[PDB]
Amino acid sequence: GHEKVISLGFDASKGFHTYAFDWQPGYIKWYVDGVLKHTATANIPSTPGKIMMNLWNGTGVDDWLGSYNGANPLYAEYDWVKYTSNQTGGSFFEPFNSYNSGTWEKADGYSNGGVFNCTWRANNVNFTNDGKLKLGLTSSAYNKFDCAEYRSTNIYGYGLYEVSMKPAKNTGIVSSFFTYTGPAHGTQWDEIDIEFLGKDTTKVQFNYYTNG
């Protein structure tokens, strides 16, 4: 519950920008195109997590996300992700040339439920020819939505997380880049987020949870 909404001074859906968070034992610092935007120092997470990206439509959170109006198909794109480790032999660079089942997995066949109003499908996670991860939010039947979530198989710790992306624009949805660990992985709920609320892509929301 440490939400911070920052003005970008640009529309993030119009092209690629680099977003990042430096996660260290005593702070979290977030950057947009190399520029420091926000610092947090109270109760900073410490459990290593998976790197995740998704796109989804919400329900019951109209005041936060705006109401979703069924517009589809909608796409969020990611050109690369870089993690610079505090430890040697931990760093990696992922260009998104193709699906690498050794390091990533696609969510498929279930819903997160709750505020999430869509089912994850492996078919909505595709790779463009010019190397971009492309997540899609589609519909298979009247008012029935399918969404996409790509996530690392390994867990990562303190260090610099960077991503080049272009979020979707549309009332009711979220395009995100985040680290996560929680009861499903046998640990406490630690997460750090970069979330773009589709209702206004001229702003970005930063958040984190420690033992949520």
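We number the residues from 1 along the sequence you see.
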Using only C-alpha atoms and the B-factors in the entry, which stretch averages higher, 109-117 or 91-99? 91-99
Going by the entry, of stretches 180-188 and 49-57 the one with greater average Cα B-factor is 180-188
Which one of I28, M165, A42, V174 shows the biggest C-alpha B-factor in the PDB entry? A42
From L65, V35, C147, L160, which pick has the Cα B-factor that tops the rest in the entry? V35
In terms of its chain's C-alpha B-factors, the third that includes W80 is the lowest
For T201, return the chain-relative third of its C-alpha B-factor as stated in the PDB record: lowest, middle or highest. lowest
CA B-factor placement of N124, once the chain's modelled residues are sorted into thirds: lowest
Check where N154 lands among this chain's C-alpha B-factors and tell me if it's the lowest, middle or highest third. highest
